[PDB]
file query-v4.tsv (TSV, C-alpha atoms and all ligand atoms)
chain	number	residue	atom	x	y	z
U	49	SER	CA	-8.69	-9.65	9.51
U	50	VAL	CA	-9.32	-8.70	5.89
U	51	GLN	CA	-11.59	-5.69	5.40
U	52	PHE	CA	-13.90	-4.79	2.53
U	53	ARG	CA	-12.93	-1.21	1.68
U	54	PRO	CA	-15.80	0.14	-0.44
U	55	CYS	CA	-15.35	2.70	-3.18
U	56	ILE	CA	-17.11	5.53	-4.98
U	57	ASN	CA	-15.59	6.55	-8.31
U	58	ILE	CA	-16.71	9.90	-9.73
U	59	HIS	CA	-16.06	10.80	-13.38
U	60	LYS	CA	-17.34	13.99	-15.03
U	61	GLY	CA	-19.54	14.63	-12.01
U	62	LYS	CA	-21.23	11.21	-12.01
U	63	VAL	CA	-20.81	8.00	-10.06
U	64	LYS	CA	-19.27	5.50	-12.50
U	65	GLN	CA	-17.30	2.31	-12.69
U	66	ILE	CA	-14.87	2.27	-15.60
U	67	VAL	CA	-11.98	0.23	-16.92
U	68	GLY	CA	-9.31	2.52	-15.50
U	69	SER	CA	-6.60	1.52	-17.97
U	70	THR	CA	-8.77	2.89	-20.79
U	71	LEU	CA	-8.79	6.43	-19.42
U	72	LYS	CA	-7.02	8.45	-22.09
U	73	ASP	CA	-7.05	12.01	-20.78
U	74	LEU	CA	-3.31	12.59	-20.38
U	75	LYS	CA	-2.97	13.28	-24.12
U	80	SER	CA	-12.22	6.68	-27.58
U	81	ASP	CA	-14.05	7.31	-24.31
U	82	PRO	CA	-13.05	5.04	-21.40
U	83	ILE	CA	-14.89	1.75	-21.29
U	84	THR	CA	-17.74	2.40	-18.85
U	85	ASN	CA	-19.13	-0.52	-16.87
U	86	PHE	CA	-21.71	1.58	-15.01
U	87	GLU	CA	-22.91	5.13	-14.59
U	88	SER	CA	-25.64	6.64	-12.47
U	89	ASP	CA	-27.29	9.95	-11.64
U	90	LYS	CA	-27.58	8.82	-8.00
U	91	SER	CA	-25.78	11.12	-5.56
U	92	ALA	CA	-22.46	9.90	-4.21
U	93	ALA	CA	-23.99	10.70	-0.81
U	94	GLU	CA	-26.34	7.73	-1.27
U	95	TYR	CA	-23.39	5.34	-1.60
U	96	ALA	CA	-21.59	7.03	1.31
U	97	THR	CA	-24.70	6.63	3.48
U	98	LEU	CA	-25.04	2.96	2.51
U	99	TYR	CA	-21.45	2.26	3.58
U	100	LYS	CA	-21.98	4.22	6.79
U	101	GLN	CA	-25.10	2.17	7.65
U	102	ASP	CA	-23.16	-1.08	7.26
U	103	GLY	CA	-20.24	0.19	9.34
U	104	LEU	CA	-17.65	0.05	6.55
U	105	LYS	CA	-14.77	2.37	7.40
U	106	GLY	CA	-11.78	3.30	5.29
U	107	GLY	CA	-13.30	3.17	1.83
U	108	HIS	CA	-12.26	5.69	-0.80
U	109	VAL	CA	-13.86	8.27	-3.08
U	110	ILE	CA	-11.92	8.99	-6.29
U	111	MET	CA	-12.37	12.25	-8.23
U	112	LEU	CA	-11.38	10.80	-11.59
U	113	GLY	CA	-10.28	13.51	-13.99
U	114	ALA	CA	-10.14	17.28	-13.94
U	115	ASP	CA	-13.85	18.11	-14.36
U	116	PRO	CA	-14.75	20.48	-11.48
U	117	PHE	CA	-18.17	18.90	-11.05
U	118	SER	CA	-16.46	15.72	-9.87
U	119	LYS	CA	-15.08	17.58	-6.86
U	120	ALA	CA	-18.53	18.84	-5.90
U	121	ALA	CA	-19.91	15.29	-6.14
U	122	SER	CA	-17.15	13.90	-3.92
U	123	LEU	CA	-17.84	16.47	-1.22
U	124	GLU	CA	-21.42	15.15	-1.14
U	125	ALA	CA	-20.04	11.77	-0.04
U	126	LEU	CA	-17.61	13.15	2.54
U	127	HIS	CA	-20.31	15.32	4.09
U	128	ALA	CA	-22.67	12.34	4.34
U	129	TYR	CA	-20.10	10.17	6.14
U	130	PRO	CA	-17.55	12.37	7.91
U	131	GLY	CA	-14.51	10.44	9.02
U	132	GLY	CA	-15.67	7.42	7.02
U	133	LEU	CA	-13.99	7.88	3.64
U	134	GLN	CA	-10.58	8.58	2.13
U	135	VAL	CA	-10.45	10.85	-0.92
U	136	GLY	CA	-8.13	10.95	-3.92
U	137	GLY	CA	-7.84	12.49	-7.35
U	138	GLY	CA	-5.39	15.29	-8.08
U	139	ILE	CA	-4.55	15.96	-4.41
U	140	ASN	CA	-1.53	18.23	-3.92
U	141	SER	CA	0.03	20.42	-1.25
U	142	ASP	CA	-2.33	23.31	-2.05
U	143	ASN	CA	-5.59	21.39	-1.52
U	144	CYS	CA	-4.82	18.39	0.72
U	145	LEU	CA	-5.83	20.01	4.01
U	146	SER	CA	-9.10	21.27	2.52
U	147	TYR	CA	-10.27	17.69	1.91
U	148	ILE	CA	-9.61	16.72	5.54
U	149	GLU	CA	-11.65	19.79	6.49
U	150	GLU	CA	-14.51	18.52	4.32
U	151	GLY	CA	-14.74	15.24	6.28
U	152	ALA	CA	-12.18	12.90	4.67
U	153	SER	CA	-10.20	10.69	7.04
U	154	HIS	CA	-7.21	10.62	4.66
U	155	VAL	CA	-6.12	12.01	1.35
U	156	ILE	CA	-4.83	9.55	-1.26
U	157	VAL	CA	-1.93	10.65	-3.48
U	158	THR	CA	0.12	9.30	-6.36
U	159	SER	CA	0.99	11.82	-9.07
U	160	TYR	CA	1.91	14.84	-6.94
U	161	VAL	CA	4.89	13.03	-5.38
U	162	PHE	CA	6.42	11.90	-8.70
U	163	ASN	CA	8.53	13.98	-11.07
U	164	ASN	CA	10.86	12.84	-13.85
U	165	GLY	CA	9.59	9.32	-13.18
U	166	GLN	CA	11.17	9.44	-9.72
U	167	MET	CA	9.76	9.84	-6.24
U	168	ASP	CA	9.90	13.54	-5.32
U	169	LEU	CA	10.94	13.30	-1.69
U	170	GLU	CA	10.59	17.04	-1.09
U	171	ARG	CA	6.95	16.97	-2.26
U	172	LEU	CA	6.23	13.89	-0.15
U	173	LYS	CA	7.68	15.62	2.91
U	174	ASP	CA	5.54	18.68	2.13
U	175	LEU	CA	2.31	16.65	2.23
U	176	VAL	CA	3.44	14.98	5.45
U	177	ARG	CA	4.16	18.41	6.96
U	178	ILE	CA	0.67	19.69	6.09
U	179	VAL	CA	-1.65	16.78	6.94
U	180	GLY	CA	0.63	14.36	8.81
U	181	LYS	CA	1.42	10.81	7.77
U	182	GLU	CA	-1.60	9.60	9.78
U	183	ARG	CA	-3.92	11.27	7.22
U	184	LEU	CA	-1.96	10.35	4.07
U	185	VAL	CA	-2.52	7.24	1.94
U	186	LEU	CA	0.06	6.61	-0.77
U	187	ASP	CA	-1.34	4.89	-3.84
U	188	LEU	CA	1.27	2.60	-5.42
U	189	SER	CA	-0.88	1.19	-8.22
U	190	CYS	CA	1.32	-0.65	-10.64
U	191	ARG	CA	1.87	-2.69	-13.81
U	192	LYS	CA	4.32	-5.53	-14.30
U	193	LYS	CA	7.23	-4.26	-16.40
U	194	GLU	CA	10.44	-6.21	-17.02
U	195	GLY	CA	9.63	-8.69	-14.27
U	196	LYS	CA	9.03	-6.04	-11.57
U	197	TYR	CA	5.94	-4.08	-10.60
U	198	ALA	CA	6.36	-0.49	-11.79
U	199	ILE	CA	4.33	2.19	-10.06
U	200	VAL	CA	2.20	4.05	-12.61
U	201	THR	CA	1.24	7.71	-12.33
U	202	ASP	CA	-0.97	10.32	-14.02
U	203	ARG	CA	-4.16	8.29	-13.76
U	204	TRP	CA	-2.25	5.13	-14.79
U	205	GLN	CA	-1.09	6.59	-18.09
U	206	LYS	CA	2.65	6.84	-17.34
U	207	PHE	CA	5.20	4.32	-16.05
U	208	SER	CA	7.37	5.62	-13.26
U	209	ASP	CA	10.92	4.39	-12.69
U	210	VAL	CA	10.03	3.26	-9.14
U	211	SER	CA	9.38	-0.43	-8.46
U	212	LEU	CA	6.90	-1.67	-5.92
U	213	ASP	CA	9.10	-3.95	-3.80
U	214	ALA	CA	10.12	-4.62	-0.21
U	215	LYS	CA	12.59	-1.74	0.11
U	216	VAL	CA	10.28	0.83	-1.47
U	217	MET	CA	7.35	-0.21	0.71
U	218	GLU	CA	9.54	-0.13	3.82
U	219	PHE	CA	10.82	3.35	2.96
U	220	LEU	CA	7.50	4.89	1.91
U	221	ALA	CA	5.77	3.53	5.03
U	222	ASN	CA	7.58	6.24	7.01
U	223	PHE	CA	5.41	8.78	5.18
U	224	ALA	CA	1.97	7.14	4.96
U	225	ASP	CA	-0.73	5.68	7.19
U	226	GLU	CA	-1.76	3.06	4.60
U	227	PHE	CA	-1.14	2.01	1.01
U	228	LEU	CA	-3.74	1.62	-1.74
U	229	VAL	CA	-2.61	-0.55	-4.68
U	230	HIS	CA	-4.62	-1.16	-7.86
U	231	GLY	CA	-3.76	-4.09	-10.09
U	232	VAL	CA	-4.03	-1.84	-13.11
U	233	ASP	CA	-3.94	-4.53	-15.77
U	234	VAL	CA	-6.84	-6.46	-14.21
U	235	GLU	CA	-8.87	-3.53	-12.83
U	236	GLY	CA	-12.42	-3.04	-14.09
U	237	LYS	CA	-12.29	-6.10	-16.34
U	238	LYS	CA	-14.16	-8.58	-14.09
U	239	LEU	CA	-11.72	-11.38	-14.99
U	240	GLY	CA	-10.22	-11.99	-11.54
U	241	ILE	CA	-7.45	-10.62	-9.35
U	242	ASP	CA	-3.66	-10.39	-9.68
U	243	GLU	CA	-2.63	-12.93	-7.05
U	244	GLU	CA	1.08	-12.33	-7.61
U	245	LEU	CA	0.59	-8.67	-6.66
U	246	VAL	CA	-1.61	-9.52	-3.65
U	247	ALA	CA	1.07	-11.92	-2.39
U	248	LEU	CA	3.76	-9.23	-2.71
U	249	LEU	CA	1.64	-6.75	-0.75
U	250	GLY	CA	0.87	-9.26	1.99
U	251	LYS	CA	4.50	-10.28	2.38
U	252	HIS	CA	6.20	-6.88	2.30
U	253	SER	CA	3.87	-4.05	3.39
U	254	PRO	CA	4.69	-2.93	6.95
U	255	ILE	CA	1.46	-0.88	7.17
U	256	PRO	CA	-2.20	-1.52	6.20
U	257	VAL	CA	-2.59	-2.04	2.47
U	258	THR	CA	-5.72	-2.29	0.33
U	259	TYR	CA	-5.70	-4.14	-2.98
U	260	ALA	CA	-8.17	-3.26	-5.72
U	261	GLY	CA	-8.89	-4.73	-9.13
U	262	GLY	CA	-10.78	-7.56	-10.78
U	263	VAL	CA	-12.60	-9.06	-7.77
U	264	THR	CA	-15.58	-10.71	-9.42
U	265	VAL	CA	-16.87	-13.68	-7.39
U	266	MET	CA	-16.95	-14.63	-3.72
U	267	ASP	CA	-14.04	-17.01	-4.18
U	268	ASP	CA	-11.86	-14.05	-5.20
U	269	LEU	CA	-12.30	-12.71	-1.67
U	270	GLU	CA	-10.99	-15.99	-0.31
U	271	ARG	CA	-8.08	-15.78	-2.76
U	272	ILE	CA	-7.34	-12.34	-1.26
U	273	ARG	CA	-7.15	-13.95	2.18
U	274	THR	CA	-4.92	-16.81	1.03
U	275	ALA	CA	-2.55	-14.97	-1.31
U	276	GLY	CA	-2.32	-12.02	1.06
U	277	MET	CA	-1.98	-14.10	4.26
U	278	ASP	CA	-4.86	-12.04	5.72
U	279	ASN	CA	-2.59	-8.96	5.52
U	280	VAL	CA	-4.28	-7.29	2.50
U	281	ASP	CA	-7.66	-5.52	2.53
U	282	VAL	CA	-9.83	-5.50	-0.61
U	283	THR	CA	-11.93	-3.12	-2.71
U	284	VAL	CA	-14.67	-4.29	-5.09
U	285	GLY	CA	-16.03	-1.92	-7.71
U	286	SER	CA	-17.28	-3.08	-11.10
U	287	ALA	CA	-18.53	-6.50	-10.00
U	288	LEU	CA	-20.87	-5.15	-7.29
U	289	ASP	CA	-24.60	-5.20	-7.99
U	290	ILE	CA	-24.83	-1.57	-6.87
U	291	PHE	CA	-22.41	-0.71	-9.71
U	292	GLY	CA	-24.11	-2.90	-12.31
U	293	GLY	CA	-22.36	-6.20	-11.61
U	294	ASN	CA	-23.49	-9.60	-10.37
U	295	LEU	CA	-21.73	-9.83	-6.98
U	296	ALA	CA	-24.17	-8.78	-4.27
U	297	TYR	CA	-22.96	-5.94	-2.05
U	298	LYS	CA	-24.92	-7.53	0.80
U	299	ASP	CA	-22.95	-10.78	0.44
U	300	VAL	CA	-19.61	-8.94	0.46
U	301	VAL	CA	-20.67	-7.05	3.61
U	302	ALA	CA	-21.63	-10.31	5.33
U	303	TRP	CA	-18.26	-11.81	4.34
U	304	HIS	CA	-16.50	-8.75	5.77
U	305	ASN	CA	-18.42	-9.04	9.04
U	306	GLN	CA	-17.54	-12.74	9.26
U	307	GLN	CA	-13.81	-11.87	9.28
U	308	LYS	CA	-14.16	-10.00	12.58
U	309	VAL	CA	-15.05	-13.14	14.55
Z	1	LIG	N1	-7.42	5.61	-14.30
Z	1	LIG	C1	-8.06	5.33	-13.16
Z	1	LIG	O1	-9.10	4.68	-13.11
Z	1	LIG	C2	-7.34	5.90	-11.98
Z	1	LIG	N2	-6.24	6.60	-12.14
Z	1	LIG	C3	-5.85	6.95	-10.93
Z	1	LIG	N3	-6.71	6.46	-9.99
Z	1	LIG	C4	-6.60	6.63	-8.56
Z	1	LIG	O2	-6.80	8.00	-8.22
Z	1	LIG	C5	-6.15	8.25	-6.96
Z	1	LIG	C6	-5.34	9.51	-6.98
Z	1	LIG	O3	-4.21	9.34	-7.76
Z	1	LIG	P1	-3.52	10.84	-8.34
Z	1	LIG	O4	-2.90	11.64	-6.93
Z	1	LIG	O5	-4.87	11.75	-8.90
Z	1	LIG	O6	-2.46	10.58	-9.36
Z	1	LIG	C7	-5.32	6.99	-6.70
Z	1	LIG	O7	-6.00	6.15	-5.84
Z	1	LIG	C8	-5.16	6.44	-8.10
Z	1	LIG	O8	-4.82	5.10	-8.15
Z	1	LIG	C9	-7.70	5.78	-10.64
Z	1	LIG	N4	-8.77	5.08	-9.93
Z	1	LIG	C10	-9.96	5.26	-10.29
Z	1	LIG	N5	-11.02	4.53	-9.59
Z	1	LIG	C11	-10.72	3.59	-8.50
Z	1	LIG	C12	-11.84	2.58	-8.40
Z	1	LIG	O9	-12.88	2.73	-9.04
Z	1	LIG	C13	-11.66	1.40	-7.48
Z	1	LIG	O10	-10.77	1.69	-6.47
Z	1	LIG	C14	-11.16	0.20	-8.24
Z	1	LIG	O11	-10.67	0.58	-9.46
Z	1	LIG	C15	-12.27	-0.79	-8.46
Z	1	LIG	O12	-11.71	-1.85	-9.14
Z	1	LIG	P2	-12.79	-3.03	-9.80
Z	1	LIG	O13	-13.77	-2.11	-10.89
Z	1	LIG	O14	-13.51	-3.88	-8.81
Z	1	LIG	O15	-11.71	-3.88	-10.85
Z	2	CL	CL	6.67	11.76	-13.24
Z	3	CL	CL	-19.98	-9.07	-12.43
Z	4	NA	NA	3.77	14.08	-11.07
Z	5	NA	NA	-13.37	0.11	-12.00
call {"tool": "encode", "arguments": {"input": "query-v4.tsv", "output": "structure tokens"}}
result
Amino acid sequence: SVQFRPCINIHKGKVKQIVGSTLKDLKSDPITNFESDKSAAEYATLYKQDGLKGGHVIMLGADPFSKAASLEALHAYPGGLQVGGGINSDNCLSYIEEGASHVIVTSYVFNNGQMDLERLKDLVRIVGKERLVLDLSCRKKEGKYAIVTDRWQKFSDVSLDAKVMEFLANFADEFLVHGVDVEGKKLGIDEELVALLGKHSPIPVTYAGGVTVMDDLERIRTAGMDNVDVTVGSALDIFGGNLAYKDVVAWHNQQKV
């Protein structure tokens, strides 16, 4: 059954929803859909009350106050949330010890545009594959989906396809995949990507990006063959959108039957 995997994005110490492809910190501010002074713990507690497991908190960018904010969410819902944003071999265990169920990684395991297998094996040695989520967010490039790194500001040379997902599944508990081109834009999902994930992921996989109306959740079911879980950010009423969080929760609970 498809699960709603909720999110909390933290940028410069604040809960925000942004258009991720407009983050330009590797070298105009990002387009911001929503920002709040509300503690990330309040969102974590909301998700906990509704029984949503396996959501993710993202520490977007290098500001140290974003780390402090993310720990507020993990402490409010221990075991309930995955955490990502600049995770590496030096800090990955510390996030598990703050209450995260998993750490989410992309950039640390890429160098020279290639998968760095030694770094991947280092993370697996430290936290175990059961507590590692590999994020394979991607953009279509030359007819294939290319995994993008460095907060979606660099194309890797690794394609998201059947053989890559089969191989990387030996090192991760789940995959998280953002449709980078559609994310944050409230224009709908990338059904081609969802279908690829549902057909070829041997482990749980969560798609994120562009879910805007209830019918998009049904498109997730159909394109993904009920094999792909789904995150909603910008469109949710609690993040300034028009799609009611309460209606997405009820839809999630209806999948369990
Ligand atoms: N530029 C970015 O925005 C971004 N770049 C990397 N990540 C993730 O940072 C983590 C660590 O990667 P790394 O070891 O730091 O390289 C990985 O997961 C990267 O893929 C991002 N996700 C940020 N928020 C996610 C979010 O708000 C909702 O999930 C989603 O966008 C809502 O979509 P919606 O509004 O409904 O369209
Ligand atoms: Cl790289
Ligand atoms: Cl909306
Ligand atoms: Na890297
Ligand atoms: Na977003």
call {"tool": "closest_atom_pairs", "arguments": {"input": "query-v4.tsv", "of": "chain U", "to": "ligand NA 5 (chain Z)", "cutoff": "10 Å", "atoms": "all atoms listed in the file", "output": "JSON lines"}}
result
{"residue": "U:55", "atom": "CA", "partner": "Z:NA5", "partner_atom": "NA", "distance": 9.4}
{"residue": "U:56", "atom": "CA", "partner": "Z:NA5", "partner_atom": "NA", "distance": 9.6}
{"residue": "U:57", "atom": "CA", "partner": "Z:NA5", "partner_atom": "NA", "distance": 7.7}
{"residue": "U:64", "atom": "CA", "partner": "Z:NA5", "partner_atom": "NA", "distance": 8.0}
{"residue": "U:65", "atom": "CA", "partner": "Z:NA5", "partner_atom": "NA", "distance": 4.6}
{"residue": "U:66", "atom": "CA", "partner": "Z:NA5", "partner_atom": "NA", "distance": 4.5}
{"residue": "U:67", "atom": "CA", "partner": "Z:NA5", "partner_atom": "NA", "distance": 5.1}
{"residue": "U:68", "atom": "CA", "partner": "Z:NA5", "partner_atom": "NA", "distance": 5.9}
{"residue": "U:69", "atom": "CA", "partner": "Z:NA5", "partner_atom": "NA", "distance": 9.1}
{"residue": "U:83", "atom": "CA", "partner": "Z:NA5", "partner_atom": "NA", "distance": 9.6}
{"residue": "U:84", "atom": "CA", "partner": "Z:NA5", "partner_atom": "NA", "distance": 8.4}
{"residue": "U:85", "atom": "CA", "partner": "Z:NA5", "partner_atom": "NA", "distance": 7.6}
{"residue": "U:86", "atom": "CA", "partner": "Z:NA5", "partner_atom": "NA", "distance": 9.0}
{"residue": "U:230", "atom": "CA", "partner": "Z:NA5", "partner_atom": "NA", "distance": 9.8}
{"residue": "U:232", "atom": "CA", "partner": "Z:NA5", "partner_atom": "NA", "distance": 9.6}
{"residue": "U:234", "atom": "CA", "partner": "Z:NA5", "partner_atom": "NA", "distance": 9.5}
{"residue": "U:235", "atom": "CA", "partner": "Z:NA5", "partner_atom": "NA", "distance": 5.8}
{"residue": "U:236", "atom": "CA", "partner": "Z:NA5", "partner_atom": "NA", "distance": 3.9}
{"residue": "U:237", "atom": "CA", "partner": "Z:NA5", "partner_atom": "NA", "distance": 7.7}
{"residue": "U:238", "atom": "CA", "partner": "Z:NA5", "partner_atom": "NA", "distance": 9.0}
{"residue": "U:260", "atom": "CA", "partner": "Z:NA5", "partner_atom": "NA", "distance": 8.8}
{"residue": "U:261", "atom": "CA", "partner": "Z:NA5", "partner_atom": "NA", "distance": 7.2}
{"residue": "U:262", "atom": "CA", "partner": "Z:NA5", "partner_atom": "NA", "distance": 8.2}
{"residue": "U:283", "atom": "CA", "partner": "Z:NA5", "partner_atom": "NA", "distance": 9.9}
{"residue": "U:284", "atom": "CA", "partner": "Z:NA5", "partner_atom": "NA", "distance": 8.3}
{"residue": "U:285", "atom": "CA", "partner": "Z:NA5", "partner_atom": "NA", "distance": 5.4}
{"residue": "U:286", "atom": "CA", "partner": "Z:NA5", "partner_atom": "NA", "distance": 5.1}
{"residue": "U:287", "atom": "CA", "partner": "Z:NA5", "partner_atom": "NA", "distance": 8.6}
{"residue": "U:291", "atom": "CA", "partner": "Z:NA5", "partner_atom": "NA", "distance": 9.4}
call {"tool": "residues_around", "arguments": {"input": "query-v4.tsv", "residues": "segment 119-130 of chain U", "least_positions_apart": "5", "cutoff": "10 Å", "atoms": "only C-alpha atoms", "output": "count of residues only"}}
result
37
call {"tool": "residues_near_point", "arguments": {"input": "query-v4.tsv", "point": "(3.4, -2.7, -10.3)", "cutoff": "12 Å", "atoms": "all atoms listed in the file", "output": "PyMOL selection string"}}
result
chain U and resi 187-201+204+206-213+216-217+228-234+242+244-246+248-249+259
call {"tool": "residues_near_ligand", "arguments": {"input": "query-v4.tsv", "ligand": "ligand CL 3 (chain Z)", "cutoff": "8 Å", "atoms": "all atoms listed in the file", "output": "ChimeraX atom specification"}}
result
/U:238,264-265,286-289,292-295
call {"tool": "residues_near_ligand", "arguments": {"input": "query-v4.tsv", "ligand": "ligand NA 4 (chain Z)", "cutoff": "6 Å", "atoms": "all atoms listed in the file", "output": "PyMOL selection string"}}
result
chain U and resi 159-163
call {"tool": "write_last_selection", "arguments": {"input": "query-v4.tsv", "atoms": "C-alpha atoms", "output": "PDB file, in the frame of the given file"}}
result
ATOM      1  CA  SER U 159       0.990  11.820  -9.070  1.00  0.00           C
ATOM      2  CA  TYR U 160       1.910  14.840  -6.940  1.00  0.00           C
ATOM      3  CA  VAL U 161       4.890  13.030  -5.380  1.00  0.00           C
ATOM      4  CA  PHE U 162       6.420  11.900  -8.700  1.00  0.00           C
ATOM      5  CA  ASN U 163       8.530  13.980 -11.070  1.00  0.00           C
TER       6      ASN U 163
END
call {"tool": "closest_residue", "arguments": {"input": "query-v4.tsv", "among": "U:296, U:167, U:224, U:309", "to": "ligand CL 2 (chain Z)", "atoms": "all atoms listed in the file"}}
result
U:167
call {"tool": "closest_residue", "arguments": {"input": "query-v4.tsv", "among": "U:266, U:145, U:241, U:300", "to": "residue 180 of chain U", "atoms": "all atoms listed in the file"}}
result
U:145
call {"tool": "residues_near_point", "arguments": {"input": "query-v4.tsv", "point": "(-5.0, 6.4, -19.3)", "cutoff": "6 Å", "atoms": "all atoms listed in the file", "output": "ChimeraX atom specification"}}
result
/U:69-72,203-205
call {"tool": "atom_distance", "arguments": {"input": "query-v4.tsv", "atom1": "atom CA of residue 186 of chain U", "atom2": "atom CA of residue 157 of chain U"}}
result
5.3 Å
